[PDB]
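Just so you know, ligand 1 is whichever comes first in the structure, and atom 1 is the first atom listed for that ligand. Note that these values count all heavy atoms, side chains included, but never hydrogens, waters or copies made by symmetry. Chain A is the first sequence line, chain B the second, and so forth, proteins listed ahead of strands; every chain is numbered from 1.
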Amino acid sequence: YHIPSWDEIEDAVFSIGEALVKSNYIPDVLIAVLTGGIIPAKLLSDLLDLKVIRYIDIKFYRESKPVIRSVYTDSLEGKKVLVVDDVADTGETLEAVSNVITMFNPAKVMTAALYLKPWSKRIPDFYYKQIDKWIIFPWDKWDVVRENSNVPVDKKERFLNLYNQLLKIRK
Amino acid sequence: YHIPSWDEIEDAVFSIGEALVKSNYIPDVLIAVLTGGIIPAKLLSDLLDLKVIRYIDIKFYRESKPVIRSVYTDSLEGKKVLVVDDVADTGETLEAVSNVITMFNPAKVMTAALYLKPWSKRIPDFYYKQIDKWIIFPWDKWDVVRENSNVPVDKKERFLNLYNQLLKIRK
Amino acid sequence: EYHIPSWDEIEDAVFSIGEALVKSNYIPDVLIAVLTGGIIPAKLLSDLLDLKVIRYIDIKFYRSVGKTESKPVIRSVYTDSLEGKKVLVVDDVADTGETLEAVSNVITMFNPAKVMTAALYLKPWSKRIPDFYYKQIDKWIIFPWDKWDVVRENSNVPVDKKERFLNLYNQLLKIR
Amino acid sequence: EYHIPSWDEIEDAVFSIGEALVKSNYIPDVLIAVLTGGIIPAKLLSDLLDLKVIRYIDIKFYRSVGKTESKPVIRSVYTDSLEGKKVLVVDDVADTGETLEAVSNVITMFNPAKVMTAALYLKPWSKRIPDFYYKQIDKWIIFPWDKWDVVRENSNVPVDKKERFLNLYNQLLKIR
Ligand SMILES: O=P(O)(O)OC[C@H]1O[C@H](OP(=O)(O)OP(=O)(O)O)[C@H](O)[C@@H]1O
Ligand SMILES: O=P(O)(O)OC[C@H]1O[C@H](OP(=O)(O)OP(=O)(O)O)[C@H](O)[C@@H]1O
Ligand SMILES: O=P(O)(O)OC[C@H]1O[C@H](OP(=O)(O)OP(=O)(O)O)[C@H](O)[C@@H]1O
Ligand SMILES: O=P(O)(O)OC[C@H]1O[C@H](OP(=O)(O)OP(=O)(O)O)[C@H](O)[C@@H]1O
Ligand SMILES: [Mg+2]
Ligand SMILES: [Mg+2]
Ligand SMILES: [Mg+2]
Ligand SMILES: [Mg+2]
């Protein structure tokens, strides 16, 4: 397991920001990959003062492919676009998103993820660290605990406490 | 020139409807290709009692490719989809739309257009008549008149009358 | 009884709206098509006045078997920022005016420069006259784009191409 | 002065909201994230309570140089039908409450089964208490997700990693 603190997450986000500036790529539009790239997109936005954020509803059931459910954006024609996600695992998600954004004829599509898995089909133009361990983000920790309560995350006892009551009241 | 009356347009729409029913394809979702496939989608909808219509904002500047500006839809997963447009010229537009809908993982994507140009790259699964003449639809007649007032359409004099005043008041 | 405007009348309706818009010097930056009856009106007006920017709102007034509501229900809003823009809301008929009002309120929250409404037809009991309209009518209107919906719920209305429709409708009812 | 909640406090805030939601037996069908400050709150609550359906509204209260408005402005609404659903509106702070109210009104027009509001923090002068909240505060709140926006407009606020930010910000100001 790799279980980044928010402090690490912040450093991941600073790194991306530093790389984007160093390489001269200041996006006009951030495309958040819902829902995991939600927090990364908002943090990068605030860091680099990027005021335009759009969103794509896509999920990779683990279905054989990622499935787009909704694309929340206005015209992207002639704009500098950065696709933001939290991790590139197989890389299917970043590929599918990049393929569909391109159809909006932007000036440029680049990709950022916080973390990379070694076996990714697609390597983000910008990332923080490549990890061969199982990553547990602060925003999917409970989904991971619901699938294995033996995962060593903090505040689990407060969570198990609430989840128990939750399980009772909606069956 | 081919300048279909609404009566012809209605027959074009009945034909598509007849073909869809005869072939057993009753869509769950109509995707209107904005803005030319707008009236065709609404007429087919009413004809076949299809209550679910979604929309895609795409235009082919005549830019080298059609450009998607917006996709107005919720999940299409496992649904029977019909893409509706008014004409397939080069076929670029129907291809681009069909490519992006597929990413929503529907059950099936089929295409309908009212009219086909002989040189289309993509042939709609359903169409009314193939025309090698320049088609002037009832809903783009004035765009055509603004580009050549010598086109033999009806009510042109009423239109030239209004267009003249229009040209004055917004420069 | 019923009003059944020809396509020729709808063109005249659209023309009249365009003529009134130019006469009032209100040329919209953005057309807001009220889905789905406002679809054809909005497209034709777009072509008439060379208005290239059309946006859409999915709103429905449920008045039928089982599913029935007292007010229109918005189901989706299809638009980018309307901020500082002259907006014209386009629909086919204002009946009670509940739909135009609902759409006007929701569009106002986008802070446009101005919101105006246009509907082709109007009923005497509409709770507000649209800023632009072709004809006030007191019959129930069957449009070219909802005729088969009316025939389905009322087989004996006098419409063109009925037998042709009935045959298609027959084959639709059986494929169940 | 300023309130600057740690990430640890935001987790506790989210937890408190979740705990209150379960205690009230109000488990939302749909989360409505108020963009953009409500983004992180909505995602974390989604994970906490296993709520899989998140929708979004692009709304902004312009309170800055040149561009300034008296009320929030909606710029886009990102949702399918909310009809018959239990909806929870999630935001980071209710200040005047003008935003929560605007979002509540617009969501109501989708005819949900119910609309409830949650904001992590609350000011004593809010025109309405959200149905769910972590803490009433009277300082101006600097969140983890808008800290650099505050530093930019106010260089002398006491935030972590300031020098690192200033160096990046410096290189941003020059690439003009
Ligand atoms: O490279 P891949 O193999 O495609 O993996 C990457 C994607 O998988 C996860 O998303 P997910 O489909 O789980 O949805 P979520 O973001 O809502 O959690 C993750 O957030 C990435 O978006
Ligand atoms: O097969 P193609 O060569 O791509 O031509 C087909 C498309 O071209 C037209 O759309 P257009 O781009 O003009 O936009 P519009 O529908 O708004 O008129 C037409 O309505 C079709 O959608
Ligand atoms: O003035 P009102 O009393 O509100 O009625 C007018 C509305 O009713 C119809 O819409 P409908 O809700 O039936 O949906 P539709 O446009 O898809 O036919 C019509 O298109 C108007 O929008
Ligand atoms: O109660 P109010 O007086 O209406 O203020 C509260 C709102 O202000 C902030 O949003 P903002 O409009 O600044 O946009 P943002 O979420 O993108 O930061 C904040 O996120 C709340 O949404
Ligand atoms: Mg994801
Ligand atoms: Mg077209
Ligand atoms: Mg209507
Ligand atoms: Mg906000």
Side-chain angles (χ1 to χ4, degrees), chain A residues 33-38 40 42 45-46 51 53 57-63 65-67 85-97 113 116-117 119-122 137 139-140 143, chain B residues 33-38 40 57-63 65-67 85-97 113 116-117 119-122 137 139-140 143, chain C residues 43 46-47 52 54, chain D residues 34-39 41 43 46-47 52 54 58-64 71-73 91-103 119 122-123 125-128 130 141 143 145-146 149:
Chain A
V33 183
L34 305 178
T35 59
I38 259 181
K42 170 61 176 176
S45 153
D46 183 52
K51 307 130 175 316
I53 315 174
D57 184 353
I58 183 175
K59 232 195 77 186
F60 199 9
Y61 287 101
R62 284 173 288 204
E63 289 295 335
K65 298 303 179 183
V67 175
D85 205 346
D86 54 349
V87 66
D89 194 335
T90 76
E92 281 289 314
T93 291
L94 272 189
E95 151 168 89
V97 178
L116 185 62
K117 304 309 281 285
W119 50 83
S120 188
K121 140 168 195 320
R122 211 140 173 287
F137 293 103
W139 51 87
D140 69 356
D143 215 50
Chain B
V33 183
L34 305 178
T35 59
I38 259 181
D57 184 353
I58 183 175
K59 232 195 77 186
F60 199 9
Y61 287 101
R62 284 173 288 204
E63 289 295 335
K65 298 303 179 183
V67 175
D85 205 346
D86 54 349
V87 66
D89 194 335
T90 76
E92 281 289 314
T93 291
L94 272 189
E95 151 168 89
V97 178
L116 185 62
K117 304 309 281 285
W119 50 83
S120 188
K121 140 168 195 320
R122 211 140 173 287
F137 293 103
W139 51 87
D140 69 356
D143 215 50
Chain C
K43 173 57 179 178
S46 164
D47 188 44
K52 306 184 296 176
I54 308 172
Chain D
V34 181
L35 303 175
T36 60
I39 276 169
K43 173 57 179 178
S46 164
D47 188 44
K52 306 184 296 176
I54 308 172
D58 184 348
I59 188 182
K60 254 288 294 181
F61 207 151
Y62 295 110
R63 304 300 299 179
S64 94
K71 291 292 169 37
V73 167
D91 208 348
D92 51 3
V93 52
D95 185 31
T96 68
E98 286 299 334
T99 291
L100 275 189
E101 162 168 297
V103 177
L122 177 66
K123 307 298 184 64
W125 48 85
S126 287
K127 74 138 65 185
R128 181 186 183 274
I141 303 151
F143 291 102
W145 48 87
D146 60 32
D149 207 49

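Counting heavy atoms from C-beta outward, C:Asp47 and B:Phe137 have side chains that stay 4.5 Å or more apart. Side-chain contact between B:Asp86 and B:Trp139 is present, with heavy atoms from C-beta onward closer than 4.5 Å. Contact check for D:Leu100 versus D:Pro130: side-chain heavy atoms found under the 4.5 Å cut-off. Considering only heavy atoms from C-beta on, B:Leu34 stays 4.5 Å or farther from C:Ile54 through its side chain. For the pair B:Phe60 and B:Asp89, the minimum side-chain heavy-atom distance is 4.5 Å or more.
Of the protein's heavy atoms, none falls inside 4.0 Å of atom 9 (C) of ligand 4. Counting only heavy atoms, the protein gets under 4.0 Å from atom 12 (O) of ligand 4.
Residue A:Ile58 places no N or O, backbone or side chain, under 3.5 Å from any N or O of ligand 1. The N/O atoms of B:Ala88, backbone and side chain alike, include none that comes under 3.5 Å of an N/O atom in ligand 2. Close N/O approach between A:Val87 and ligand 1 is not found [any backbone or side-chain N/O within under 3.5 Å].
Taking every heavy atom of D:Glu98 and a limit of under 4.0 angstrom, the matching atoms of ligand 4 come to 1 (O), 4 (O). Atoms of ligand 4 lying under 4.0 Å from at least one heavy atom of D:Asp91, given by number and element, are 20 (O), 21 (C), 22 (O). Here is the list of ligand 4 atoms found below 4.0 Å of a heavy atom in D:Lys60: 11 (P), 12 (O), 13 (O), 14 (O). Within the listing of ligand 4, atoms 15 (P), 16 (O), 17 (O), 18 (O) sit less than 4.0 angstrom from a heavy atom of D:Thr36. The atoms of ligand 2 that sit less than 4.0 Å from any heavy atom of B:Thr90 are 1 (O), 2 (P), 3 (O), 4 (O). Near B:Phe60, meaning under 4.0 Å from one of its heavy atoms, ligand 2 places the atoms 3 (O), 4 (O), 12 (O).
Closest heavy-atom approach to atom 1 (O) of ligand 4 within the set D:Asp95, D:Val34, D:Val73: this belongs to D:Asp95.
Residue contacts with ligand 2 include B:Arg62, since one of its heavy atoms falls under 4.0 Å from the ligand. Taking 4.0 Å as the cut-off, B:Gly91 counts as a neighbour of ligand 2 on heavy-atom distance.
The minimum heavy-atom distance between B:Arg122 and B:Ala88, with the atom names listed, is O-CB, 4.3 Å. The two atoms that bring B:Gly37 and B:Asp85 nearest to each other are N-OD1, 3.5 Å, heavy atoms only.
For atom 20 (O) of ligand 2, the nearest protein heavy atom (residue, atom name, distance) is B:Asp86 OD1, 2.8 Å. Nearest to atom 16 (O) of ligand 1 among the protein's heavy atoms is A:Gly36 N, 3.0 Å. Looking at atom 4 (O) of ligand 1, its nearest protein heavy atom turns out to be A:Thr93 OG1, 2.7 Å.
Residue contacts with ligand 4, taken as heavy atom pairs separated by less than 4.0 Å, involve D:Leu35 solely via the backbone atoms N, CA, C and O.
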